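Overview (structure and organization)
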There are 2 protein chains.
Amino acid sequence: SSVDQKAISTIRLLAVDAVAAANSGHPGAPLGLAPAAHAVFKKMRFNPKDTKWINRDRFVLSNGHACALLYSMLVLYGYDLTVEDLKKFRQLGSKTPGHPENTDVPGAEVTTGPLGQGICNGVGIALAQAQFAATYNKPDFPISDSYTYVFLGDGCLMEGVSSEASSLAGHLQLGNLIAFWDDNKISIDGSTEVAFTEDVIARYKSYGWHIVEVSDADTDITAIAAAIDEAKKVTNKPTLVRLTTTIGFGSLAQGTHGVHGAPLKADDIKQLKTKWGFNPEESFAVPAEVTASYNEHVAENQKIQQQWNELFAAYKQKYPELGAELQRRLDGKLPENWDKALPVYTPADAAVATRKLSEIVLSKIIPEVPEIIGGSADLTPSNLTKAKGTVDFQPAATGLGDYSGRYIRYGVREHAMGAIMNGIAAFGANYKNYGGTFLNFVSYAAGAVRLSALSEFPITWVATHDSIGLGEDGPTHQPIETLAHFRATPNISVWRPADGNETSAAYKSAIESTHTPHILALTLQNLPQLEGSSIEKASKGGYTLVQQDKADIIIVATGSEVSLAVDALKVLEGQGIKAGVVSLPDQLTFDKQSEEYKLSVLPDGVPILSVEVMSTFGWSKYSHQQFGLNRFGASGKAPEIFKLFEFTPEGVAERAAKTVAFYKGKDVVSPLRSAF
Amino acid sequence: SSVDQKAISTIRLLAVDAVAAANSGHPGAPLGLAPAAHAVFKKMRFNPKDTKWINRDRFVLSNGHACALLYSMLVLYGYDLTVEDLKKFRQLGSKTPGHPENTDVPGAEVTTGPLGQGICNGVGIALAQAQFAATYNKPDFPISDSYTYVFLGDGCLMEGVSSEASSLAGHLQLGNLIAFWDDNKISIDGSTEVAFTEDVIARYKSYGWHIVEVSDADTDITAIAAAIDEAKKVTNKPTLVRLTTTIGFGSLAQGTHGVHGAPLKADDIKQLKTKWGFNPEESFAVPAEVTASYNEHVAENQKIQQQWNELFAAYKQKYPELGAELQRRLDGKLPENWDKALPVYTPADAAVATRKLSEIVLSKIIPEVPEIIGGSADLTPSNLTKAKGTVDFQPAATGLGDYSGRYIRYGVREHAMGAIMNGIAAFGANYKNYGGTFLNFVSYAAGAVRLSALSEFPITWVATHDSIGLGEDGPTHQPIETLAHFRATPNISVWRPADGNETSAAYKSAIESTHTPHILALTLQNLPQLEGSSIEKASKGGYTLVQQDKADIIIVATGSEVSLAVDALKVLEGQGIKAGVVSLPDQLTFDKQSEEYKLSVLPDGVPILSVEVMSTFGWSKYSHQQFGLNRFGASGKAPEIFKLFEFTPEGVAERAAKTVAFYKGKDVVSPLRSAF
């Protein structure tokens, strides 16, 4: 009868019809959460005609399988998504994929579906919003005062990544974050009683969250709206709103785990429509009264943005410096000549570990580039990720930092750090944010890292202690598979810089990135500055370090093994073998160079040996023979481990000589060549 | 003055001296936890001369960086570890690596160090102990009544994997588990106040854990012992014992985060020794009164084991069937001819998805092999991991199952499922345990999976929905990098079976495994039974499916792409090209075959094309050219996705023809050949 009721029914039936058209997808949660979605979007400020408005409230569907729900909202509010797109739910080439993709779906802030991720992304959006507001807001100029709204399900609450992020969100007193738990007592295996009996509310209170409970979230949208208002009044705690719902509300199978992930039966859909006043013979129906009511909210929001645009214009006049910086960031541009701050080295400079070179880079570029923030997962004094003179990101009320701070104490929470980094990037305003841990424990965060790549987010991992080079901590800490794993993931730039100049190139890439996450693999041990390295050469991803016109062999290497390759070249000289050396600091950047550039670095007609003290996987793209480490490491002094595995000038030279012998009297084509 | 005091001091100074000798490692937690370690080991039943006694209490050092502490205990109790081994702490080739390794260190139940893992391993040990006791205990025959003791630090409590496992341990009412939190207010970054302010105790109560707090765990070993007794009285809740300690107790830097991970200064070590009555000029001192007191506890424990051995002997007489089964499992042997239960298929059988073939295998072998237990991370109706007629593992008090049950409801907790699986394997008694999820979300558990490999634990992942073949769920669910990641990890068998016979071979491998974790990559889509497949052929890891003496090309493939390769062979026939087909269901099993077997499958003198609908990484070990998918997937009907990416008989045949052309008039050697 009310237009709110009609809208809720419309949302539910659009979602059910999308799933029916695909004969695939999940109608249960969309049916149970449509009342909450309606209430939340009515409280949100957003512009369907400007999905990038920096002061929009953000919505994250963390239970992303429910995405027919998200798409229905975006269609009804006039985003660049139509009923015809809904009819193509889960079909190849459509803008309505089975789980929302921020690269494809207008109004999808992040890519969700893998459970636990969205809520952590929302923590990051709210973290960025707090940092952004603390940086730019002035008296009478609330440039940023937006909220982050997250829908999540029981599964999200079982995933450890969400515990990590919720502990940290409570610690950070993020009162700009409002999360909604779909408390429907059903997961995929059946009742939550079989595996999930914890006192969720008590746990969230233990993190410092504020709680509002809505006992009838099936129908009481007034209570949902009041819970939002109450959440906003509690400015020093993130709020969890418990929505007690009936999964699949209205279905003959409502409240049972059948409605979870299977299209409804035809007769079920027919009785749904009839009892709510819709035509059972019609699909994808949109009552004009619903879109009119929604259009009114859009019009109010567009007026709010217009007033915000005038506020921003007045801000730029009263604070021309801050206003120009803000305009620049909103345009997606770094400061002019920011890269003049990158340090440059020569072979007369001392040997330095690349974790220490990384600390130096950050010390130089953080003052120059305000949109850089980052932190470490409780390894700040080992990753060397904090630039002296910056303040930690903390609620001012704690005395430990300020929301304008730029260094984040993630604690021992690698996975959530990864997903929060995705949320900070997703906020926009050109944030270029980073997170430090040991390379071997980036793997803890694999779920989020692959979503960085799929989402095209320019986040950066500062991943130190990259190999057996770390020594005594031993094989539980020493990467073997790690670079192969992320190099095999599409759209990850995996930098393993060999020296000072290469480390500057890696940061030049990571900070200028707009669509590609970075992992910087950095050493504990000191490496010499190379003859022939430079920022601009290393910026090609792969380059000729030692050019040898009459090469018997080219040794291609990365990181700490480039200096090793050069030392092996000298041993080979003594044997009358002429070797060239290629440094390959990033395979992805190299791969995207022109074919003729790539073939000049790895030409035809010379055998190529790769040297890297980790897995040989991937290396046949660039080499004919691979010298690597395909077993776990060992606890001991690093030089002794290298000796044991013959990663020595003589050990490399021996294998280079055997590689030359292997191909003697056979002509060889570049490993870059492919039959198709 | 007391011998308890002298023992605590001995433990502390052995740990400090080990770190000093290495000039590497962490003295803080060993100093703070030595009183608790002393108290706990005095309450434990164990035999240093039989580390495999099945009714021993288990100890897990989850804060594994503290392992100088563990080694000191093992030395003082006369395990196969000596003071001379301690002097070689963190040295290459020693039995005292920087983090404990169950493969190397007598008395190390699991490999710890990566934070969060050990406590989850302890949940698994206790889960296995409950299941084992419920299976075999009889009236007057308490065959199994052992406890699991875990030490953990603040970092472990921040890692999401430990939240997952602690939620589940509370749900499972595991009163045989006692965990001790080193509440010392310090992590690597400094005070826990900067990132970890949650009410830990309230959170653990919310999971259903019992709490005992020891306010002075620096000195009150009577309170620690009473907390253990109180924990044992609470049989229906796991217990968390809060140990409030001074990190680095006794050091000049005690209670500061300097003592965390750096060797103490020489003068600090000297004042430590003097004030506790030791010689500052002596290192690795062991007062005879301490080892005498410890020897007395060993003697009592050996008497307990001797009585247990007599109890077992009487058990075998009264229950010859159960007793023979138990003896068999303790001997590490599967039932005779267990593999007669594996199903065998022919090409006259219908096409079946390998997730469904997997369900059939489990239905046949679970009744035959009692040491198989497993579960799913809330994907039981999609993984098809439960054999009908089994009961869930649950406390009888819940009405949802029994501790004798064999199917585990892990909930949406992939990472903890992985580490709990490691603990179940670590318990011993020949447990062969498994866990199901989508292949793409095995990656959530990467931290634990790599420890499965490093620990040599025969755990099994039942990893369904292995590729774009799953269709509509789209690229957030579709593996690309996943197999490359785990194939690049040493010691993981990664099975991707093509049909019914191959799926039986994969389980034959996974269940007979004693030292190698398995991942079974299984399809949602139906695949035909192959002409030429068999269990015994597929058990070679790689084999010739279609032998072609005059091959122009060999197509090597896995899983769903083997049938594709055969269809492409038929297209190629029409073009006058003769192709052979190799099926490579497990690369690791294949790699370990003899050189001459491997060369008969992938011989010299014929170009080899690989076909697999995921990353091409690793494939150059077996092929000259690789047809794979090195971009993310798409949401749509699977056949349309395959068509789009040209994974069709014609698309493969085209690339096979171009591969033949590429090598025309050049003789080719097997990709297996290497120069060194």
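Residue labels here follow a simple count from 1 along each chain's written sequence instead of the entry's numbering, which may differ, and residues missing coordinates are not shown. Ligands are numbered from 1 and chains lettered from A, in the order in which they are written. Hydrogens and water are ignored here; the side-chain numbers use all heavy atoms of the structure.

Method-wise, the PDB entry is recorded as coming from X-ray crystallography, at a reported resolution of 1.9500 Å.

Turning to the domain arrangement of chain A, a few remarks are in order. All names here are of chain A. Domain borders in the structure are assigned automatically or taken from a domain database. Domain boundaries assigned for chain A yield domain 1 (1-327), domain 2 (328-539) and domain 3 (540-676). Once you take the C-alpha centre of each, domain 2 and domain 3 turn out to be 26 Å apart. Contacts are assigned to residue pairs that have any heavy atoms within 4.5 Å of one another. The interface is formed by 40 residues belonging to domain 2 together with 34 residues belonging to domain 3. By the criterion of area lost to domain 3, the three top residues of domain 2 are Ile468, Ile480 and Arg496, representing 26% of everything that side buries. Salt-bridge detection follows one rule: a side-chain nitrogen of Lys or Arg within 4 Å of a carboxyl oxygen of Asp or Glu. At the surface where domain 2 touches domain 3, the tally comes to 2 salt bridges. Linking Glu561 and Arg496 is a salt bridge whose minimum nitrogen-to-oxygen distance equals 2.9 Å. By the criterion applied in these results, polar contacts are pairs of N or O atoms within 3.5 Å in which, for protein atoms, one can donate a hydrogen and the other can accept it, and in which residues neighboring in sequence qualify only through two side-chain atoms. For the pair domain 2 and domain 3, the interface holds 19 residue pairs in polar contact. Each helix is a run of DSSP H or I of at least 4 residues and each strand a run of E of at least 2, with the numbering of both proceeding from the N terminus. Of all the elements in the fold, those that place two or more residues in the side of domain 2 that touches domain 3 are α18 (482-487), β13 (493-495), α19 (500-512) and α20 (535-538). Basically, the charged four are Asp, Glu, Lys and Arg, the nonpolar ten are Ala, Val, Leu, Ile, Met, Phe, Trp, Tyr, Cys and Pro, and anything else, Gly included, counts as polar. Taken together, the residues of the side of domain 2 that touches domain 3 sort by class into 16 nonpolar, 15 polar and 9 charged. Note: buried area is the sum, over both parts, of the accessible area (probe 1.4 Å) each one loses when the two are combined.

Least squares on the C-alpha atoms is how the copies get superposed. With an RMSD of 0.0 Å, chain B superimposes on chain A once it is rotated by 180° and translated 0.0 Å along the axis. Both copies of the chain, as the preceding transformation shows, are related through a two-fold rotation axis. Within chain B, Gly160 of chain B has its C-alpha nearest the rotation axis, a separation of 1.8 Å. Mapped onto chain A, 100% of the interface residues of chain B are again interface residues, and the two copies thus contact each other with one and the same surface.

Attention now goes to the pattern of salt bridges. A complete count under the given rule lists 54 salt bridges over all chains for this structure. Here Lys185 of chain A ties to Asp183 of chain A by a salt bridge, and the two come within 3.4 Å at their closest N and O atoms. For every residue, the accessible area (1.4 Å probe, protein chains only) is compared with the maximum for its type, and the residue is labelled buried under 20%, exposed over 50%, or partly exposed between those bounds. According to the relative accessible area criterion, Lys185 of chain A is partly exposed, its value standing at 39%. Taking relative accessible area as the criterion, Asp183 of chain A reaches 3% and is therefore assigned buried. Linking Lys87 of chain B and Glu84 of chain B is a salt bridge whose minimum nitrogen-to-oxygen distance equals 3.2 Å. Within this pair, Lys87 of chain B and its partner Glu84 of chain B are both found in helix α4 (residues 83-87), separated by 3 residues, close to a single helical turn. The class of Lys87 of chain B is partly exposed, set by a relative accessible area of 38%.

All names here are of chain A. Spatial ordering of the open sheet is given by β10-β9-β11-β12-β14-β13, a layout of 6 strands whose pairing is parallel. Lying at the two open borders of the sheet, with one neighbouring strand each, are β10 (407-409) and β13. With direction set aside, neighbouring strand axes in the sheet form an average angle of 20°. Axes here mean lines fitted to C-alpha atoms, for a helix over just the part in contact, with angles spanning 0 to 180 degrees between N-to-C directions. The sheet strands contacting α19 are β9 (372-376), β11 (432-438), β12 (460-464), β13 and β14 (518-521), and the helix crosses β14 at an angle near 160°. The pairing criterion for strands is at least two bridges between them, as found by DSSP.

Before going further, it helps to examine the interface of chain B and chain A. In this complex, chain B contributes 108 residues to the contact, which on the side of chain A involves 108 residues. Carbon and sulfur atoms supply 60% of the area buried between chain B and chain A, which totals about 8,700 Å² over both sides. At the boundary of chain B with chain A, the tally comes to 6 salt bridges. Across the pair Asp189 of chain B and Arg409 of chain A runs a salt bridge, and its minimum N-O distance is 2.9 Å. At the surface where chain B touches chain A, the tally comes to 50 residue pairs in polar contact. No other element matches helix α17 (residues 446-455) of chain B, which puts 6 residues into the side of chain B that touches chain A. Broken down by class, the residue content of the side of chain B that touches chain A amounts to 40 nonpolar, 41 polar and 27 charged.

Now for the packing of helix α7 (residues 160-171) of chain B against helix α15 (residues 414-427) of chain B. All names here are of chain B. Two elements in contact, α7 and α15, have axes whose closest approach is 8 Å; the angle formed by their N-to-C orientations is 75°. Judged by the inter-axis angle, α7 sits roughly perpendicular to α15. Contacts between α7 and α15 involve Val161, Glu164, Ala165 and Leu168 on the former and, on the latter, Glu414, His415, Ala416 and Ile420. Looking at the contact of α7 with α15 residue by residue, the classes come out as 5 nonpolar, 1 polar and 2 charged. Each angle is binned into one of four classes, with values under 35 degrees roughly parallel, values over 145 roughly antiparallel, values of 65 to 115 roughly perpendicular, and all other values oblique.

Moving on, we come to the sheet that holds strand β16 (residues 543-546) of chain A. Residues and elements named next belong to chain A. Pairing is mixed in the open sheet, where 5 strands are placed in the order β16-β18-β17-β19-β20. Each end of this open sheet is capped by a strand with a single partner; those strands are β16 and β20 (625-627). Each strand axis lies, on average, 30° off the axis of its neighbour in the sheet, ignoring direction. Where strand β19 (residues 608-611) meets β20, 3 bridges bridge the pair, whose relative direction is parallel. Considered in β20, the bridge of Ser610 is made with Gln626.

Residues and elements named next belong to chain B. Mapped onto the fold, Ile555 is located in strand β17 (residues 553-557). A relative accessible area of 0% means that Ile555 is categorised as buried. Each C-alpha atom, one on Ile555 and one on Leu602, is 9.9 Å from the other, the two residues being 47 residues apart in sequence. Every residue in contact with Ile555, bar those within four places of it in the chain, is listed here: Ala565, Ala568, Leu572, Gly580, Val581, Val582, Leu609, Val611, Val652 and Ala656.

What follows covers unusual backbone geometry. Residues and elements named next belong to chain A. One non-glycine residue, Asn23, lies in positive phi territory at about 50°. Summarising the element assignment, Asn23 is placed in the loop between α1 (3-22) and α2 (28-43). Under the relative-accessibility criterion, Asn23 is labelled exposed at 59%.

Time to look at the pairing of strand β1 (residues 58-61) of chain A. Within a regular beta strand, the side chains point alternately toward one face of the sheet and then the other, so they alternate between its two faces. All names here are of chain A. Alternating residues of β1 divide into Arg58 and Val60 and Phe59 and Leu61, and every residue in both groups is buried. In this sheet, strand β2 (residues 148-152) lies alongside β1 in parallel orientation, the contact comprising 4 bridges. When the sheet's bridge partners are listed, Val60 is paired in β2 with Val150.

Let's shift gears to the pairing of strand β19 (residues 608-611) of chain B. Residues and elements named next belong to chain B. Burial along β19 is two-sided: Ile608 and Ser610 facing one way and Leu609 and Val611 facing the other are all buried. Note that β17 and β19 share 4 bridges and pair parallel. If you follow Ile554 over to β19, its bridge partner there is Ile608.

Here the focus is the packing of aromatic side chains. Two rings from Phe, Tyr or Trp (for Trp, the six-membered ring) form a pair when their centres are within 6.5 Å of each other. A pair whose planes differ by under 30 degrees is stacked, one over 60 is edge-to-face, and the rest are tilted. Taken as a whole and assessed by the stated rule, the structure comprises 64 aromatic pairs over all chains. A ring pair is formed by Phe627 of chain A and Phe676 of chain B, whose centres lie 6.2 Å apart and whose planes are at 85°; its orientation type is edge-to-face. Residue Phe627 of chain A is located in strand β20, and its partner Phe676 of chain B is located in the segment after α25 (649-662); the two belong to separate chains. Classification of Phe627 of chain A by relative accessible area gives buried; the value is 6%. What makes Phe676 of chain B partly exposed here is its relative accessible area of 32%. Through a chain of ring-to-ring contacts, three or more aromatic side chains come together here, namely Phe41, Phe46, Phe59, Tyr77, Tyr79, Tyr149, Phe151, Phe180 and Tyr294 of chain A. Each ring is checked for a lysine NZ or an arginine CZ that lies within 6 Å of its centre and within 35 degrees of its normal; such an atom marks a charge sitting over the ring. A cation over an aromatic ring shows up here: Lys232 of chain A above the ring of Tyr147 of chain A, its NZ or CZ 4.7 Å from the ring centre.

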